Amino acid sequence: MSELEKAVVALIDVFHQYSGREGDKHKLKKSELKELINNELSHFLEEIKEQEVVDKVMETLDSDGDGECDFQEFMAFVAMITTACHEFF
């Protein structure tokens, strides 16, 4: 697989690794998002150390008002991050 293909599979791989941990296996609840951020985005984003910060990130990424982050909501997030990274270049 090419560099691009590996990255696409990796976005899926990571989402599922965290979403699959508790309850709905296709959505990130607040605990799993916190773990994803803390363990997969430790160079790009501040560590979240407080629940009320977690709560605040979730309500942003959660567009459909269900309290959790689904794959399309996670892709929105990844696009936000990649755009900030691209701009930084």
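Note that residue numbering follows the sequence shown and begins at 1. By rigid core we mean the largest C-alpha set that fits within 1.5 Å across both forms.
K.L.:
When the other structures are laid on this one by the rigid core, do the CA atoms of 30-38 or of 49-57 sit farther away in 6 other deposited structures of this protein?
P.N.:
With the rigid core fitted, 49-57 is the stretch that strays more in 6 other deposited structures of this protein.
K.L.:
Quick one: with the core lined up, is it 79-87 or 3-11 that wanders further in 6 other deposited structures of this protein, going by C-alpha RMS?
P.N.:
It is 79-87 that deviates more in 6 other deposited structures of this protein.
K.L.:
For the C-alpha atoms alone, is the average B factor greater in 30-38 or in 60-68, going by the entry?
P.N.:
Per the PDB entry, the higher value belongs to 60-68.
K.L.:
Report the third (lowest, middle or highest) to which the CA temperature factor of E73 belongs, ranking only the modelled residues of the same chain.
P.N.:
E73: CA B-factor falls in the lowest third of its chain.
K.L.:
Which third, lowest, middle or highest, does the CA B-factor of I12 fall in along this chain?
P.N.:
Middle third by C-alpha B-factor.
K.L.:
Among all modelled residues of this chain, ranked by Cα B factor, put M1 in the bottom, middle or top third, i.e. lowest, middle or highest.
P.N.:
It belongs to the highest third of the chain when residues are ordered by C-alpha B-factor.
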